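What follows is one structure encoded as structure tokens, with my remarks underneath.
Neighbour counts are summed over all protein chains in view; Cβ atoms, including those assigned to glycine, are modelled from backbone coordinates with ideal geometry. Just so it is clear, none of the values below were taken in a lab; they were calculated from the coordinates.
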Amino acid sequence: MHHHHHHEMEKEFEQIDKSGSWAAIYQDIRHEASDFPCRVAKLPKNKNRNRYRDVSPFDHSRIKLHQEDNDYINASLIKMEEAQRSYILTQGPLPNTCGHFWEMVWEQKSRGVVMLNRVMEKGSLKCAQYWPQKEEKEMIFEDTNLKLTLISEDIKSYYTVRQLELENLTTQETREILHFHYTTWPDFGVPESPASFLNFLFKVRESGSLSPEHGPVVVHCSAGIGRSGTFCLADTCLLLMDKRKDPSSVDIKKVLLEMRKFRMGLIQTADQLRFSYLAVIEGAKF
Ligand SMILES: NC(=O)[C@H](Cc1ccc(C2=CC(=O)NS2(=O)=O)cc1)NC(=O)[C@H](Cc1ccccc1)NC(=O)Cc1ccc(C2=CC(=O)NS2(=O)=O)cc1
Ligand SMILES: CCCCCCCCO[C@@H]1O[C@H](CO)[C@@H](O)[C@H](O)[C@H]1O
């Protein structure tokens, strides 16, 4: 990628931004977004497994738990072919689905978990605390054979990184799970700056949590679509620029619509779309 690519990219952002065109672009994405059945998510017995009735995983891409009783979890597999990366986007676990959440992490062989929301937002519980606190580092999930222990916790200004140990109580196998928690990303909003977001994304990448040597990273916010979608779109577009002969050929609208074939509503505001674009052009420099 040469300087002319950077030039066109930056000029384009400026042109879109100065004319406030994000609004129209975002509307077109919403208007063209695909729709597929969500029959399983809507089954009566799955009512208490969904945080929002208007946010469901499509049947074709939903993540199935390996258990036979009820394999449903509100989670979707976002598989980006050209970029060669898979992500699992899920809702913030409910108190009764924290076990399911870790069963998914175990079954999919994930190494990292990216959390982009806070436990309480706008006065209500938007995500059950599914990881241990300092005073009780050990957790055992009801109706599961999984134990979770907090090994380390590093609290920074805009995010916190944790090392966790997940253990299968039946086989005694233990695995290191990295928790990347962005603690200052407002609901329906954007990160404080492209720099903070990029530092976070790069930290996730450097850990190996996004490598094909491990299962798909699990990403979530409250509904698993707005902030989670922004995070994944930026990472994927960055991947495409590093792989393509001509990085300026990346079509952000096309890429987002492709991701939306896997999970509904990815990116919830025009400003989040704008931020994704900004994060990509800023990250392209690195
Ligand atoms: N759309 C939204 O803002 C959020 C989801 C939403 C939340 C957050 C975000 C995020 C922004 C972000 O930046 N990141 S993010 O976390 O992804 C995006 C979307 N959805 C809602 O608030 C909807 C009510 C609604 C429906 C349609 C349109 C508007 C409101 N509320 C519910 O679904 C609660 C509810 C769930 C099940 C039932 C039930 C029906 C039933 O039949 N039985 S029941 O279980 O009681 C009844 C109520
Ligand atoms: C997510 C980041 C996507 C970056 C895609 C940038 C595509 C640049 O596109 C180019 O921008 C130039 C400057 O306006 C125009 O003159 C060119 O005709 C146009 O093809």
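Go through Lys45/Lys109; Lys18/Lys253; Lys11/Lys261; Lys18/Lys261 and tell me which ones have a Cα-Cα distance over 22 Å in this structure.
From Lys45/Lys109; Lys18/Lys253; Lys11/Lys261; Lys18/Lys261, over 22 Å: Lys45/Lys109; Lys11/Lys261; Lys18/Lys261.
Suppose every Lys and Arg Cβ carries +1 and every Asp and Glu Cβ carries -1, with no other charges. What dipole size does the chain come out with about its Cα centre, to the nearest 20 debye?
540 debye
How would you rank 31-37, 58-64, highest first, on the average number of other Cβ atoms within 10 Å across their residues?
So the order, starting with the most tightly packed, is 58-64, 31-37.
Based on the Cα atoms of the range 137-261, what semi-axes does the equivalent ellipsoid have, where each is the square root of 5 times one gyration tensor eigenvalue, given in whole Å with the largest first?
30, 18, 15
Only bridges whose two residues both fall in the chain count here: according to DSSP, what percent of them are antiparallel, nearest 5?
Antiparallel bridges make up about 75 percent of those DSSP assigns within the chain.
Going by Cα centres, the range 45-82 and the range 136-166 are how many Å apart?
If you average the Cα positions of each part, the centres end up 23 Å apart.
Report the paramagnetic label zone for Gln163: residues of the range 138-155 whose backbone N is under 16 Å from a point 7 Å from Cα along the Cα-to-Cβ axis.
Correct set: 149-155.
Which order do the peptides 19-27, 232-240, 48-56, 257-265 come out in when sorted by mean C-beta neighbours inside 10 angstrom, highest first?
Listed from highest to lowest mean packing, they are 232-240, 257-265, 48-56, 19-27.
Note down the net charge around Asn96, summing +1 for each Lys or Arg and -1 for each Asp or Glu among other residues with Cβ under 14 Å from its Cβ.
0
How big is the Kirkwood radius of the chain, worked out from every pair of different alpha carbons and given in Å to one decimal?
19.4 Å
Rank by packing, highest mean first: peptides 212-224, 187-199, with packing defined as the count of other Cβ atoms within 10 Å averaged across residues.
212-224, 187-199
I'd like the orientation of helix 98-107 relative to the chain: the angle between its Cα long axis and the longest Cα principal axis, in ° from 0 to 90, rounded to 10.
Around 70 degrees separate the two axes.
Label point 7 Å out from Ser249 along Cα-to-Cβ: which residues of the range 59-93 have amide N under 15 Å?
Backbone N within reach: 82-83.
What value, in deg cm²/dmol to 500, does the helix sum -39500 (n - 2.57) over DSSP H runs of n ≥ 4 give at 222 nm once divided by the residues of the chain?
After summing the helix terms and dividing by residue count, I get -10000 deg cm²/dmol.
Straight distance only, please: which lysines reach the Cα of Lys137 with their own Cα at less than 21 Å, same-chain residues fewer than 8 apart left out?
Straight-line reach from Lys137, under 21 Å: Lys147, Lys156.
Computed FRET efficiency, Cβ-Cβ of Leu257 and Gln129, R0 35 Å: what is it to the nearest 0.05?
0.55
In whole angstrom, how far apart do the alpha carbon centroids of the range 88-135 and the range 225-286 sit?
24 Å
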